[PDB]
Amino acid sequence: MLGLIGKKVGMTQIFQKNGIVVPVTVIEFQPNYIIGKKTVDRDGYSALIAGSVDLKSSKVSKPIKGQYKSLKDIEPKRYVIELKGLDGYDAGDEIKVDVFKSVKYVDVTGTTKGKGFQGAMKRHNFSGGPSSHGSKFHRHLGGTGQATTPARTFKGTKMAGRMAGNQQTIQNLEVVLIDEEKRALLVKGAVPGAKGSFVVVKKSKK
Amino acid sequence: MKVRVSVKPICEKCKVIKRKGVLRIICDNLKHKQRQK
Amino acid sequence: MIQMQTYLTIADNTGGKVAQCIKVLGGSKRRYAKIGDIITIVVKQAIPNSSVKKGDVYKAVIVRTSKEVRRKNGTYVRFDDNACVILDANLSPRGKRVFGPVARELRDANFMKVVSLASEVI
Amino acid sequence: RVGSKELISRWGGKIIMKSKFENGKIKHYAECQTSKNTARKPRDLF
Amino acid sequence: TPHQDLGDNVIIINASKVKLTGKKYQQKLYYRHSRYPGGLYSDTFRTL
Amino acid sequence: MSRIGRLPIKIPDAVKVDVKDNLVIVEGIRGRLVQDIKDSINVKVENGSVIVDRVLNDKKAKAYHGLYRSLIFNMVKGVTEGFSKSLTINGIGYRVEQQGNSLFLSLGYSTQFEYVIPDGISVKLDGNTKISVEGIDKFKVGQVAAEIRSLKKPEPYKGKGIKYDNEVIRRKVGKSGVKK
RNA sequence: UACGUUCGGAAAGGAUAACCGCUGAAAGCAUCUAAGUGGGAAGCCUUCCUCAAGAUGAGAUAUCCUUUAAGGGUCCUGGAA
RNA sequence: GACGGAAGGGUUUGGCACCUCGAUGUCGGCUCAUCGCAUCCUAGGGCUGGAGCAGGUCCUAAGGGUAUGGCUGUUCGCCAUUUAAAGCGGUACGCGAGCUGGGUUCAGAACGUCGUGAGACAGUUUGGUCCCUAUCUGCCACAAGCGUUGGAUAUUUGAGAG
RNA sequence: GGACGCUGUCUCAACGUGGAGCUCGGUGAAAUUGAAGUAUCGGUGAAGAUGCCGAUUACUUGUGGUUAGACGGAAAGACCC
RNA sequence: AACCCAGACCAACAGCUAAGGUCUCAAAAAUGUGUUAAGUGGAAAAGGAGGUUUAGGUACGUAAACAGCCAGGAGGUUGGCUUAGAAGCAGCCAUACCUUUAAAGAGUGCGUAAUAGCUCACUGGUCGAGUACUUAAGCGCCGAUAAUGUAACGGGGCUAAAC
Ligand SMILES: [Zn+2]
């Protein structure tokens, strides 16, 4: 599956030729290199290891350094992922942004924004109690279980706790524009993560 | 159609069979078809 | 964003002057109607001795809303009062003339005859 | 009435539904005259 | 001695060719529960 | 048991039969067919004829007697004369056509049905409303004819659909039969 | 943050429920079943997204280190947390 | 499908008085649900006295969904508009150490009825304190420690679960 | 009981403000308490089990939250006899 | 706790037995003759039932029974009718109605206003032994059907490790 490690620059909008506005998210692609390969007869499966923006030479541990010993003029890469079942490339290669030039839809994977310790009403769209008529119940859970059967709280009952921070992959984002000279992709819609967080863009499954 | 507990022939042309462990009636008069509950 | 209990100006010459929304059609929990939707109204005030009496229930189409709704080209049109037009059984305007402007989403919702009888389409 | 969209492929070919048969399976699928690419739902040919 | 571990170890080979009798091949069920409500999953001998 | 189980099997001259290790091969003018035979039943070829008997007298063996007799008989009649089952397409605007190893059916649906013909089986047309499936195996011929019929099962109000030729469709009435 | 924007419910495959079969007995016929062999649903199993080797059954690989090295932690400046 | 006959379900009104009166808080509404299928809708069928449309009856199927208001404390029901449908039940007639206190079931007062009277009434009307900082299990989240048989750093196959 | 006006009462919640809450330093209770290397399900039983049976699941130990249970705490039940 | 076996004076790293068990968790079984295909065993009714073992009746048969296959399946006669029709098949009555009789019923069903029309009992040929209806028992099948979780064998599993 064709994929790339990009950085979510932000959002904007563009004007189609006839006047229709399209809200887009912009992704900037630092150069991506193929660092190694995984093979079915040696690792158990076939995949390509892909890496991106470099690290500072004072903060590369020697295991990471030795990972790149045999590669020529490829500094250590901070973001490393795997692309399963891909061919047409080998160690030392380098993937342009134009691999999406023939693609209509993409999928983007990133780390969603963190919202801290969040309550039930924000986390699960719980309604609350009334704010008047004598109520002493505003944004609490309400009841949680049943009385004596089962005499416990079922596993998975939704309560308060931390919200967001998980990975998430959003599907079928239309591809609006590709700009090779500035290494940018413009997709239509929202992309998980805060500004400057790093996403992975894959060719759409459908 | 007539998922019943007593399945009996209705006309002389109805016939009794047993299929995969249930008792059934089959006939030309499809209105007579039956299976035990 | 017309919901239930909203007051509306009847913008045609049937006789009614104020209508009240009592249902938003086409959807189970549907809560808001926009320009070009059909609602069920009761008449709360009418011109005396007209063909429309106070307290009758009809279907009406929304022609002006006070909350702006996005269009494809990015433009938003926000009127200054909420207004509707009464319809007969065929989902066609019961009246013969329409007062004031209407919004052009009627065009897309296929109310061409309301659009034509309007004075200005914005 | 926004003009009835002509049921056209992204490659300018008409899209027509055929019913393959294979091994007890009726299959419905969408076929493009110009490019003969077989897909199964015209969503995938627009 | 039941207290302690004094028996030998066992390697089973050809474990995929055990034969059953009756309709067990179609009817024996292996159940499991995820501990979440309603999360009861069955699995017949074939599929397992 | 019953006489079909014990009735002897004649062998046509052009047809050869052979039995070995729970298997039977029947090679004829038009093809070769194979069959499994269960342990409890014994199949013998003697004097240009086939005989079947049972080592046991359990009811499974009783049924097997007739089952394998009939199969081997249909296995021999196929390699000599082949099996053929025919069909008729009746109804306004219903058509059938052939291209290579597939049939195209126009049966009122908004799509024209293609139909791959499985190997080992031939299809014959008579105009555009009559079909005849021919082949070496009665089982396969019946299967194909059945699946084609299932493509558009007949109906009783007007006889429309794809019917077996030998079948008789019971018929009902609609509007005018209920006339008072 | 929604009242806003965008996207999502799939397509395909496997095994099945009721049902319809084909070939055929016991029971010369007949019969969807007893030997076999097929179709068949928002259900079941794969497929989509997320968590996941405390899976103690603790997996697999690439690189670094060989008497305290590799590496990690504390402290400090902070954040997209 | 009458007249009769045989069962299951444990939800209705009851029977019994076995646990609890050195206290097991009682009806509805709010919030949050989870499960059963005897299926309201969507899905797959058999037969129709099923032309078509629309149904009737029966079988399979619990994945998802299953309305907003008027009256009443009401569950229920009726009614107004909708909707593909406005399902039936269990869970202390789910859920008050989560909320409300309109109803019921205290002391005020009034009406009708009963009583000579004090008062009484599953008759009515009006007013009337809803307490507790979570030790344990359970659940929602996040860490410390160690293990994974030399010790570490990245990338991941996936049982299993949502 | 109805109407006008007005409004976050509500559709439908969002953001901000002050005191608590959270972390650290100082001072320092309480009701309660047979103890405790105190899980779940289907059962059984003084008829609703953390302690019994069979099976399933679960590394050790804390912190911030939530009240389903421990027929929770509080008052030798006020109702009934 | 109330059922079955059995009355604890104390001690022993002895033996034989009761109830209940002897694949395994879990200390203890093997062989003989049959039955069961439903995991029945390891819940249950009215009723339905070409499941099967064994035993016994009544029909019927090597002088050809049953099923299939090939024929006739009629003439008098629209049986008289009720009715409008009823021709065998709305409905009344019997059909002690006869003949050619191989055998043909005042017709078994389907379907026609009414027939018409298609079929059957009925009997003849091809085939070649048990068949067709019942009775008593031994095991089985459906009926079988609630709500936290397989949950009506204690579990694993068992075609015996079931009866
Ligand atoms: Zn019949």
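Residues numbered from 1 in each chain as written, not as in the entry; some residues may be left out. Chains lettered and ligands numbered in written order. Part of a larger assembly, values for the part shown. Heavy atoms only, no water.

This deposited entry lists cryo-EM as its structure determination method and 2.86 Å as its resolution.

Draft legend 1. Quick peek at the overall build of chain F. Helices and strands together make up the secondary structure of chain F, namely 3 helices and 13 strands. Oriented by its inertia axes, the alpha-carbon framework of chain F measures out at about 65 × 45 × 25 Å. Across the 180 residues that make up chain F, the buried fraction comes to 38%. For chain F, the proportion of contacts with a sequence separation of at least 24, taken over those separated by at least 6, is 48%. Taken as a whole, chain F presents about 10,800 Å² of accessible surface, with 52% of it coming from carbon and sulfur. (Helix = DSSP H or I, 4+ residues; strand = E, 2+ residues; numbered from the N terminus. Buried < 20%, exposed > 50% of the residue type's maximum accessible area, 1.4 Å probe, protein only. Contact = heavy atoms within 4.5 Å. Areas by Shrake-Rupley, 256 points an atom, 1.4 Å probe, with all protein chains shown as cover.)

Draft legend 2. Layout of helix α2 (residues 59-81) of chain F. All names here are of chain F. An ideal rise of 1.5 Å per residue puts 33 Å on 23 residues; α2 measures up with 33 Å between its terminal C-alpha atoms. Among all positions of α2, only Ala-61, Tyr-64, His-65, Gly-66, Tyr-68, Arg-69, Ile-72, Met-75, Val-76, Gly-78 and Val-79 are buried. Note on α2: the residue one or two positions beyond its end, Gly-82, has a positive phi of about 70 degrees. (Expected span 1.5 Å × (residues − 1).)

Draft legend 3. Structural view of the interface of chain F and chain D. Counting residues at the interface gives 8 residues for chain F and 9 residues for chain D. When the two sides are added together, the surface that chain F and chain D hide from each other amounts to roughly 740 Å², 58% of it contributed by carbon and sulfur. Those elements that place two or more of their residues in the side of chain F that touches chain D are β10 (112-116) and α3 (138-151) of chain F. If one sorts the elements of the side of chain F that touches chain D by residue count, β10 of chain F sits on top with 5 residues. For the side of chain F that touches chain D, the residue count by class is 4 nonpolar, 2 polar and 2 charged. As paired elements, strand β1 (residues 15-22) of chain D and β10 of chain F share 2 bridges and run parallel to each other. What sits directly across from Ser-19 of chain D, in β10 of chain F, is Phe-113 of chain F. (Buried area = accessible area lost by both parts, 1.4 Å probe. Nonpolar A, V, L, I, M, F, W, Y, C, P; charged D, E, K, R; others polar. Pairing = 2+ DSSP bridges.)

Draft legend 4. Layout of the protein's contact with RNA strand J. Near RNA strand J, the surroundings consist of 27 residues, among which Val-7 of chain B, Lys-24, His-33 and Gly-38 of chain E together with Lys-59 of chain F are the closest. For RNA strand J, the fraction of protein-proximal atoms (within 4 Å) that sit in sugar or phosphate groups is 59%. One nitrogen or oxygen atom from the side chain of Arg-35 of chain E is found 3.0 Å from a base oxygen belonging to RNA strand J. A distance of 2.7 Å separates a phosphate oxygen of RNA strand J from a polar backbone atom of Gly-38 of chain E. When residues of the surface near RNA strand J are traced back to their parent elements, those giving at least two are α1 (24-27) and β1 (29-33) of chain E. (Near = heavy atom within 4 Å. Polar contact = N/O pair within 3.5 Å; in protein donor to acceptor, adjacent residues only side chain to side chain.)

Draft legend 5. Spatial organisation of the arrangement of the chains. Pairwise contact counts over the 5 pairs of chains in contact peak for chains D and F. One thing to see here is that chain C and chain E don't touch, and their nearest C-alpha atoms sit 29 Å from each other. When C-alpha atoms are compared, chain A and chain F, though not in contact, are closest at a spacing of 25 Å.

Draft legend 6. Empty space enclosed by the protein, seen in detail. Residues and elements named next belong to chain A. Overall, the coordinates contain 1 cavity of 30 Å³ or more when judged by the stated rule. Taken together, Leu-4, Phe-29, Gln-30, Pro-31, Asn-32, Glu-94, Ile-95, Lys-96, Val-97 and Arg-183 make up the lining of the largest cavity. For the lining of the largest cavity, the class distribution of residues is 5 nonpolar, 2 polar and 3 charged. (1 Å grid on protein atoms, 1.4 Å probe; cavity = no way out; pocket = protein on both sides within 12 Å on 5 of 7 lines; lining within 4 Å. Points joined across faces, edges and corners; volume = space filled by probe spheres on them.)

Draft legend 7. Structural detail: the pattern of salt bridges. According to the stated counting rule, one finds 19 salt bridges over all chains in the structure shown. The residue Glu-31 of chain D makes a salt bridge to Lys-36 of chain D at a minimum N-O spacing of 2.4 Å. A relative accessible area of 9% means that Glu-31 of chain D is categorised as buried. Between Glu-27 of chain F and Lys-16 of chain F there is a salt bridge, with its nearest N and O atoms 3.9 Å apart. In this pair, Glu-27 of chain F is assigned in strand β3 (residues 23-27) and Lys-16 of chain F in strand β2 (residues 16-20), connecting sequence segments 11 residues apart. Connected via shared salt-bridge partners are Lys-38, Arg-42 and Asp-43 of chain A. (Salt bridge = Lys/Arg side-chain N within 4 Å of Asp/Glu carboxyl O.)

Draft legend 8. Focus on the packing of aromatic side chains. Here the structure, examined in full by the defined rule, presents 6 aromatic pairs over all chains. Measuring from ring centre to ring centre gives 5.9 Å for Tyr-64 of chain F and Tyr-68 of chain F, while their planes differ by 75 degrees; the resulting arrangement is edge-to-face. Residue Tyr-64 of chain F and its partner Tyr-68 of chain F are located together in helix α2, separated by 4 residues, close to a single helical turn. Using a relative accessible area of 9% as the deciding quantity, one classes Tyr-68 of chain F as buried. Aromatic ring contacts, followed pair by pair, group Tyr-25, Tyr-30 and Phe-45 of chain E into a single cluster. Above the plane of the ring of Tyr-164 of chain F lies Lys-85 of chain F, whose end atom (NZ or CZ) is 3.5 Å from the centre. (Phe/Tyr/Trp six-rings, centres within 6.5 Å; stacked < 30°, edge-to-face > 60°. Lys NZ or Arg CZ within 6 Å of the ring centre and 35° of its normal.)

Draft legend 9. Local environment of the sheet that holds strand β2 (residues 15-19) of chain B. Residues and elements named next belong to chain B. Taken in spatial order, the 4 strands line up as β1-β4-β3-β2 in an open sheet, and their pairing is mixed. The open sheet has two free edges, formed respectively by β1 (2-4) and β2, since each of these has just one partner strand. If you compare each strand with its neighbour and ignore which way they point, the axes differ by 25 degrees on average. (Axes fitted to C-alpha atoms, helices over the stretch in contact; angles between N-to-C directions.)

Draft legend 10. The pairing of strand β1 (residues 7-10) of chain C, seen in detail. Residue and element names in this part refer to chain C. Going residue by residue along β1, you find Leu-8 and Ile-10 tucked away on one face and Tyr-7 and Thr-9 left uncovered on the opposite face. Pairing between β1 and strand β2 (residues 16-24): 3 bridges, direction antiparallel. Bridged to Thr-9 within β2 is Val-18. Hairpin connection from β1 to β2: 5 residues lie between these consecutive antiparallel strands, with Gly-15 at a positive phi of about 140 degrees. With 2 bridges joining them, β1 and strand β5 (residues 83-87) adopt parallel strand pairing.

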